[PDB]
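Written below as structure tokens is the structure these notes are about.
Below, each value reflects all heavy atoms present in this structure, side chains not excepted, and no hydrogens, waters or symmetry copies. Here is the naming used below: chain letters follow the sequence lines, and residue numbers restart at 1 for every chain. Atoms within a ligand are numbered from 1 in the order they appear, just like the ligands themselves.
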Amino acid sequence: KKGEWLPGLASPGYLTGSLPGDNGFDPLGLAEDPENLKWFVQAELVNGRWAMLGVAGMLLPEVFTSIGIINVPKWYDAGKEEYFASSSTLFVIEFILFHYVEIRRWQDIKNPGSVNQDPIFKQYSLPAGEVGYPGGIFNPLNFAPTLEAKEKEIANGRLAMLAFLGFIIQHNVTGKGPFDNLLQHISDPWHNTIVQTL
Amino acid sequence: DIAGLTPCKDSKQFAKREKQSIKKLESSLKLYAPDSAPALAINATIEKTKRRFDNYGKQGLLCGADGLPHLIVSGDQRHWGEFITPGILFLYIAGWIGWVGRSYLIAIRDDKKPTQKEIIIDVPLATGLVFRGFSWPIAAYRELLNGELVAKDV
Amino acid sequence: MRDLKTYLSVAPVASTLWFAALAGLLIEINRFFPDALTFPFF
Amino acid sequence: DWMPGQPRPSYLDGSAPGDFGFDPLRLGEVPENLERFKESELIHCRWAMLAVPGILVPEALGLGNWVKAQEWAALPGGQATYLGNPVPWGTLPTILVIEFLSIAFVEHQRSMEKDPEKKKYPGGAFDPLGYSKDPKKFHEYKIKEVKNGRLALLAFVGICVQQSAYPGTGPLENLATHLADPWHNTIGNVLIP
Amino acid sequence: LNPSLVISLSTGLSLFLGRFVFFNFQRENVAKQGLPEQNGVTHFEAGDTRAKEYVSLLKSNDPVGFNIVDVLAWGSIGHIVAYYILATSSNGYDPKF
Ligand code: CLA
Ligand code: CLA
Ligand SMILES: CC(/C=C/C=C(C)/C=C/[C@@]12O[C@]1(C)C[C@@H](O)CC2(C)C)=C\C=C\C=C(C)\C=C\C=C(C)\C=C\[C@@]12O[C@]1(C)C[C@@H](O)CC2(C)C
């Protein structure tokens with residue numbers, strides 16, 4: 001019992017439940033190759049973590065501002081508000097910082113354990129974990145990287161990715177954020193759906 | 001503007017063309033009963049013609065000295081709707097088609113009588129394969145990186 | 001039935017049905033979004 | 001290593017002064033091209049290490065920038081200026097041909113040698129202080145040289161592309177306008193206008 | 001400006017360069033490039049009587065082998081650039097910054 005996305009359908013051979021969150025869901029045969037699968041598990045993890053952070057920062061501030069604690073703009077507007085620095089300045093800053101961190105992560109994906117150690121201080125390396133979940137300093141509270149815990153992260157990350165898809169499509173066709181959408185729907189549900197939206 | 005062309009909405013020849021077009025159809029509507037089938041059909045196409053000219057005006061097309069909406073393909077971002085986004089859509093659809101065909105050819109290449117499955121399509125296998133075209137770009141990228149898209153040995 | 005299913009998948013008939021479906025689809029698409037010289041949504 | 005976690009090219013062990021295994025285009029695959037490449041890299045590095053102080057310190061003084069300082073020649077009555085003095089032999093043709101045959105003689109004299117190590121490190125009349133006495137203090141001097149030289153090449157290409165970004169300005173002027181407001185005067189506005 | 005001053009000076013400089021600077025380089029290059037050949041033989045060894053090198057006028061009494069044809073070549077270069085200098089120095093042209 002490795003979980004089944006479609007109860008009556010068997011699971012693919014390349015998927016064997018070894019990876020956390022494996023429910024036998026690959027209809028398009030995207031990972032029939034082992035190296036493709038190894039790359040895609042990392043892709044899913046990083047996309048999902050970014051989506052978690054993203055829709056957290058997209059939605060939680062919105063309800064915080066709509067119950068009268070802070071006053072933040074809408075996510076689809078917050079870029080236009082001007083900050084202490086130019087926007088292009090922030091962009092190139094982020095570009096240089098992200099280029100070094102992503103390159104590091106890439107070098108470990110291609111050859112695991114080759115970039116574990118600090119390049120400046122030759123002590124302070126990382127414990128030999130496994131690609132995708134880099135422990136050590138990236139795990140201060142030192143939680144147990146248990147299999148069930150890894151599955152929870154994969155489960156949440158997929159939900160956050162779908163939530164982000166929903167956020168952007170909702171704002172594109174509706175014209176407002178997520179929380180306004182939800183409260184305006186649950187206000188009068190039978191007359192506030194997509195049908196009335198479209 | 002670009003290439004000396006002018007925004008059709010503000011051009012005069014573009015309007016003159018619209019009025020002339022609309023004019024001739026109106027003449028065809030006349031000499032028949034005011035609310036007849038043919039007359040109703042002529043009216044329909046008149047409204048359709050007015051909608052097409054207004055749609056052209058709204059989309060911000062470029063009109064020359066003849067008033068015909070010219071298309072810019074240099075890459076100017078004010079004009080990606082004319083060639084480049086339709087081009088990306090086409091490339092997607094054509095890659096879909098070609099990848100599905102190639103997938104099928106590879107899958108049937110292993111039987112003893114492979115020509116039998118070419119003059120007579122295995123439609124169950126084909127329907128199993130058609131929807132991989134949806135992800136064909138990622139699959140083809142990873143196949144090129146793998147080195148299995150292009151046959152070695154040749 | 002089995003043989004009728006086979007014959008209905010021979011190359012000429014498979015391709016005529018495919019192209020008739022494609023023609024119907026394109027015809028309806030241009031019946032709903034007529035006179036389209038560009039992609040005006042985004 | 002130029003990129004931890006990346007295998008080294010076989011022909012680049014790490015003994016040559018300055019070898020950090022950087023060769024993504026595999027240009028030094030054939031050894032007799034690698035010899036000439038080491039020579040040419042050292043020549044470039046030396047020229048730029050000499051040039052960048054010459055780009056910066058006259059503009060640091062009350063003279064024009066490196067491109068303003070070479071545009072009198074674009075005008076017919078061109079007359080040079082050193083330290084605020086009109087040099088006598090200052091017109092364009094005198095300058096041009098004296099420079100031409102000077103450099104041509106010395107450059108031919110240079111490539112008329114077939115060591116090929118003295119090709120890069122000739123020494124003798126070019127080593128008055130005689131820092132080449134200890135074969136390993138010599139080696140780490142070599143390392144320091146090519147390191148500073150790569151830095152200077154980087155600095156020079158940066159200078160000239162900055163010039164192409166803000167035409168009619170000097171590198172120290174760019175440093176000044178950056179220090180005037182660091183969070184608003186950066187490369188951002190030249191990448192995203 | 002004084003045309004003869006410039007012509008003589010420039011061709012003298014070109015000849016000085018050819019005899020004292022680029023002589024060895026040109027000599028070794030002309031040696032390593034060799035005589036033109038057809039089917040492995042030089043043009044004279046294939047039956048062409050007119051393609052025989054003029055060994056009489058080519059030998060010289062110069063300490064290094066400077067002879068008539070190379071003074072011809074170097075001096076002609078000197079004259080070419082001398083006339084370029086003259087022509088462009090009085091064409092009165094001017095670009096603009
Ligand atoms: C023949 C010469 C030439 C060429 C080659 C180009 C090329 C280009 N011009 Mg230009 N132009 C030219 C002449 C030319 N121009 C002239 C003479 C003028 C003066 C009139 C202009 C004026 C001009 C302007 C004003 C602009 C351009 C722009 C552009 C760029 C638009 C496309 C783009 O942004 O990238 C590509 C766009 C994408 C969305 C990338 C998606 C494509 C995908 C990745 C490929 C799809 C493949 C497949 C589906 C999937 C991959 C499969 C594979 C992995 C196997 C493009 C690179 C625009 C620009 O600056 O670009 C920003 C623009 O603003 N041009
Ligand atoms: C699996 C289908 C398939 C694929 C992937 C390709 C791919 C390719 N073809 Mg090709 N071709 C095909 C079918 C296919 N072809 C057929 C059926 C014919 C007979 C008319 C040709 C005749 C042909 C010629 C004469 C040339 C190519 C060329 C090429 C290459 C350049 C792209 C191009 O110009 O194509 C052009 C496409 C066509 C001329 C017509 C395509 C026919 C349809 C659209 C494809 C058929 C799909 C199939 C029936 C669907 C079955 C799926 C299954 C589920 C039932 C490219 C790699 C060119 C080349 O050599 O590149 C350098 C070239 O000169 N093709
Ligand atoms: C990363 C991501 C979003 C990141 C968002 C961020 C950072 C938002 C940041 C900001 O908000 C803040 C914080 C503050 C705001 O003021 C500003 C912005 C800038 C707005 C979404 C990913 C979103 C990713 C999505 C939606 C992925 C969908 C993938 C799907 C559906 C694939 C399904 C299948 O692949 C399987 C699983 C199996 C295959 O065989 C078949 C198919 C069907 C293909």
Side-chain angles (χ1 to χ4, degrees), chain A residues 5 12 15 21-32 36 40 43-44 46-62 65 72-81 83 94 154 157-169 171 177-178, chain B residues 1-3 72-80 83-85 87-108 117-118 120-145 149-150, chain C residues 9 11 14-15 18-19 22:
Chain A
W5 79 280
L15 308 184
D22 182 340
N23 297 117
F25 176 61
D26 192 48
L28 290 197
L30 271 168
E32 197 149 293
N36 285 351
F40 283 156
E44 174 175 29
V46 53
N47 262 79
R49 287 163 174 165
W50 277 123
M52 281 191 261
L53 253 65
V55 309
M58 266 158 113
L59 172 75
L60 289 207
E62 204 199 7
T65 169
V72 305
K74 308 250 180 274
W75 66 266
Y76 53 102
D77 302 18
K80 187 153 38 60
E81 273 73 339
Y83 307 86
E94 139 179 314
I154 303 292
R158 292 154 171 186
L159 191 72
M161 287 190 254
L162 274 153
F164 172 81
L165 217 172
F167 281 7
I168 78 144
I169 296 208
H171 159 252
Chain B
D1 207 326
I2 301 155
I72 302 299
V73 308
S74 59
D76 197 322
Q77 296 167 205
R78 279 164 290 154
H79 296 288
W80 276 22
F83 172 73
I84 297 208
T85 89
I88 290 152
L89 188 48
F90 171 85
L91 288 192
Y92 186 63
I93 296 183
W96 193 317
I97 299 154
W99 191 257
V100 167
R102 176 187 182 261
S103 321
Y104 179 90
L105 270 201
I106 278 162
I108 77 160
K117 285 200 169 173
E118 265 162 64
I120 297 169
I121 317 291
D122 177 322
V123 179
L125 163 67
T127 176
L129 287 176
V130 284
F131 292 103
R132 306 193 170 200
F134 166 77
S135 90
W136 92 257
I138 292 170
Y141 181 80
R142 304 300 311 179
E143 210 140 295
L144 160 75
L145 288 204
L149 168 92
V150 46
Chain C
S9 45
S15 97
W18 185 253
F19 283 139
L22 172 67

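Comparing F25(A), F167(A), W75(A) against atom 42 (C) of ligand 3, the shortest heavy-atom distance belongs to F25(A). Remark: among candidates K74(A), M161(A), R158(A), the nearest residue to atom 25 (C) of ligand 3 is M161(A), based on non-hydrogen atoms.
Protein atoms of type N, O or S found under 2.8 Å from atom 10 (Mg) of ligand 1 total 1.
Heavy-atom minimum distance, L91(B) versus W136(B): O-CZ2, 3.6 Å.
Applying the salt bridge (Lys or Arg N to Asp or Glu O under 4.0 Å) test to residues at least two apart or on different chains, the pairs with a partner in residues 120-141 of chain B are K117(B)-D122(B).
The structure places NE2 of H171(A) at 7.0 Å from CG of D77(A), a figure rounded to the nearest 0.5 Å.
For atom 18 (C) of ligand 3, the nearest protein heavy atom lies 4.0 Å away or farther. Less than 4.0 angstrom separates atom 11 (O) of ligand 3 from at least one non-hydrogen atom of the protein.
Dense packing is recorded around OH of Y92(B), with more than 12 heavy atoms of other residues, nucleotides or ligands lying under 6.0 Å away.
Close approach of ligand 3 to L165(A) (heavy-atom distance below 4.0 Å) involves ligand atoms 26 (C). The distance from ligand 3 to the heavy atoms of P27(A) drops below 4.0 Å at these ligand atoms: 40 (O). Close approach to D26(A) involves these atoms of ligand 3, each under 4.0 Å from a residue heavy atom: 40 (O).
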Extract all donor-acceptor atom pairs below 3.5 Å that involve side chains of residues 157-165 of chain A and protein atoms in other chains or at least two apart in sequence.
{"residue": "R158(A)", "atom": "NE", "partner": "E44(A)", "partner atom": "OE2", "Å": "2.9"}
{"residue": "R158(A)", "atom": "NH1", "partner": "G21(A)", "partner atom": "O", "Å": "3.0"}
{"residue": "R158(A)", "atom": "NH2", "partner": "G21(A)", "partner atom": "O", "Å": "2.8"}
{"residue": "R158(A)", "atom": "NH2", "partner": "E44(A)", "partner atom": "OE2", "Å": "3.4"}

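Here the side chains of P178(A) and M58(A) are not in contact, with every heavy-atom distance at 4.5 Å or above.
For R102(B) (side chain) and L149(B) (main-chain N/O), a donor-acceptor pair under 3.5 Å exists by modelled atom type. With hydrogens and angles disregarded, no donor-acceptor distance shorter than 3.5 Å links the side chain of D26(A) to the backbone of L15(A).
Closer than 4.0 angstrom to ligand 2 lie heavy atoms from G98(B), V100(B), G101(B), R102(B), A126(B).
Residue contacts with ligand 3, taken as heavy atom pairs separated by less than 4.0 Å, involve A78(A) solely via side-chain atoms from C-beta onward.
Not a single heavy atom of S135(B) lies less than 4.0 angstrom from ligand 3.
With respect to atom 7 (C) of ligand 3, the closest heavy atom belonging to the protein is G54(A) CA, 3.7 Å.
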